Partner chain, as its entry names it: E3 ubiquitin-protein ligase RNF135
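Heads up, the chain below is alone and in the form deposited without the partner chain; it's given as structure tokens.
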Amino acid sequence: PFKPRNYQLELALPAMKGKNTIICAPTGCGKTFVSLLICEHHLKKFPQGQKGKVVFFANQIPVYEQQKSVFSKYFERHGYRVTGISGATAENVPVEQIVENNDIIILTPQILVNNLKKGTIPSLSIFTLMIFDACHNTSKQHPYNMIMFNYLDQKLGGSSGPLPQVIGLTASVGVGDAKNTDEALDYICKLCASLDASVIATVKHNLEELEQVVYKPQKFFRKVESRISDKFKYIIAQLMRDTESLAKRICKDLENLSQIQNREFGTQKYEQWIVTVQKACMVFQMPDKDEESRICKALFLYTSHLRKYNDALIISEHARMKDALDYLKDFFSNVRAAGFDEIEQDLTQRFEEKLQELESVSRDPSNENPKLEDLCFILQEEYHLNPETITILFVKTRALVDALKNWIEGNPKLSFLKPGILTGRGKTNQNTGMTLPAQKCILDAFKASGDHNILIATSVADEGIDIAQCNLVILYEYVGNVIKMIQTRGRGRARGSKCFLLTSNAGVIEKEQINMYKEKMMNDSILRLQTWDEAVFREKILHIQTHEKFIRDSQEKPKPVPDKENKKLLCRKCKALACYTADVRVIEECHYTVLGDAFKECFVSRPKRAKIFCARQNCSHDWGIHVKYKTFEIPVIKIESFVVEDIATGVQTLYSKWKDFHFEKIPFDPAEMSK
């Protein structure tokens, strides 16, 4: 067995006395071993004829798997039964039997929330010890806070039932939105009241060993200037002005559709303005249907082109011009392949007029982003000293990951790097996700003397996922809150590590400095909190809990009533009628389908399975997809592709999700498909 260190025993001492404590310690010091020692001590203390039950909470699937493996390997000699339940192993055996027939259970919090809501698990008195991993998430409406709401409701209710001991592990408690030390202390007291903790455990008497184990890197700040001359922006701005004039020609009241004033090309404000203008122009209703459809389609096309131009400008701001030009070229290829009509022909011709000059400018070596030059210089200088350096690079968007991988591959001066890619799992409109096996494979590859020595990743590599030690951390316009600042800096635990922040905006550096001051405030508040008498702390925590319980008991609100009137669904691009709400059927309360032979004439299928589009020529707006249910193969529609119009009043409305649209939902009937 592994020999515990002195500071690990110091951290575990308050928990071995039966107190609810929060354990704060740097990442990489071995808090999992501390939890193992606490669990071992807890299970052995019960007298003959009595047993204890331990539940461990993890927020991510890989963390859950690793913890289950570690616990099973550790406690198999003692004769304890260890199991785990998650999304991939939930609907197999009843949860109550699994809980009753085991000693140590590893869980994702949502499973326990679901089973507490259904009534499968009537109370938390079955467990004798609860362990929360990354316990700083116990706030607002997190599942951790739902479990703690159940716990606190049982506690402050007069029910004379035993309750488990609660242990939390974290590397940073955070300050919330505190500005001074008093507010930080108030926030930390609130967090302690959330977990019912009366002790905060830190390393005091064995600091030298911890500093010998975990090393804190040095933080640097680099500020660069923007491009002096930008012909790319000039050309795109001229095109954007021409498109705005074309839009104003058709709609004379364009400038009164939004209240945003003094908009500028290539900013988030302009994006918000154009989104609002798009949402305003898709509602216009006029007595003549053909001319209304013409105007609406024209405005749709104009606004879409303006939005794409703004996106290209932003991409060019944060990356090379080649990436923005490729983005525009892909959009224009899709537009050409997506219903070429006279307005689309005009827009495409106007773009091809300036395409040659755009391609000429982006290939000039003297127009490169200064941020890229600074990053290349940093990488060269760092890898010259240590050829065995391991690096991690943090970025904001999924497109930047691919752009920087391409730039690194194509850079003749960075031939010593082997980039790796790490993004999230969810699928976006422009990007596909990453599966768990792919992430695991790339993480296994990314190590010293391996296939990769530099990793480009989004915020997926912030928490939970384990990564080999890095001697270099680089932040590319990457600043968040104090918790994220502590988490990102903790990945460079190798001795002599450095952390760099790269930006061209002074506000980012100012915010990082404010974060560095907030960390000192938090440490001061924690140090002050430990000098109080425990009874006073208990009284304050009880008062906070009582107030919060009263507020949350008074906050509950009811649900309104849906509307039974019939409605029409119209194509969002061309305003053509698609179907009525009387034809809509719901499959298993989560799939929406349209029944009837009239709807089959309003769409066409173009090949996963085939999607469905608007049948009207030159529109081809996306409406949904074909799915398989039992024997039937039926299409499903998306509410965000249609405009909802009332039959009587005639007012048109927009919805983004099916739960916002309140109408009578008739369940799907297999035998109904005969009328």
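Residue numbers count along the first chain shown, from 1.
Count, per the entry, the deposited residues between residue 607 and residue 608 that are not modelled, and return the matching class: none, 1 to 3, 4 to 9, or 10 or more.
Gap size class: 10 or more residues without coordinates, per the record.
The form deposited with the partner chain bound exists for this protein as well; it is not shown, and the discussion that follows is about that form.
Heavy atom within 4.5 Å of the partner chain in the deposited bound form: which of 533, 91, 291, 381?
Contact check passes for 381.
Would you kindly say which of 377, 215, 580, 149 lies with a heavy atom within 4.5 Å of the partner chain in the deposited bound form?
Contact check passes for 377.
Would residue 354 count as a contact of the partner chain in the deposited bound form, using a 4.5 angstroms cut-off between non-hydrogen atoms?
No - in the deposited bound form, heavy atoms of residue 354 and the partner chain never come within 4.5 Å of each other.
So in the deposited bound form, does residue 498 come within 4.5 Å of the partner chain, heavy atom to heavy atom?
Answer yes; at least one heavy atom of residue 498 falls within 4.5 Å of the partner chain in the deposited bound form.
Would you classify residue 231 as touching the partner chain in the deposited bound form, given a 4.5 Å non-hydrogen atom cut-off?
Outside the cut-off, so no.
Using a 4.5 Å heavy atom cut-off, state whether residue 590 contacts the partner chain in the deposited bound form.
Judged by the heavy-atom cut-off of 4.5 Å, residue 590 is well away from the partner chain in the deposited bound form.
Given a 4.5 Å cut-off on heavy atoms, tell me which of 543 to 551, 328 to 336, 361 to 369, 309 to 317 is the interface stretch with the partner chain in the deposited bound form.
Of the options, only 361 to 369 has residues within 4.5 Å of the partner.
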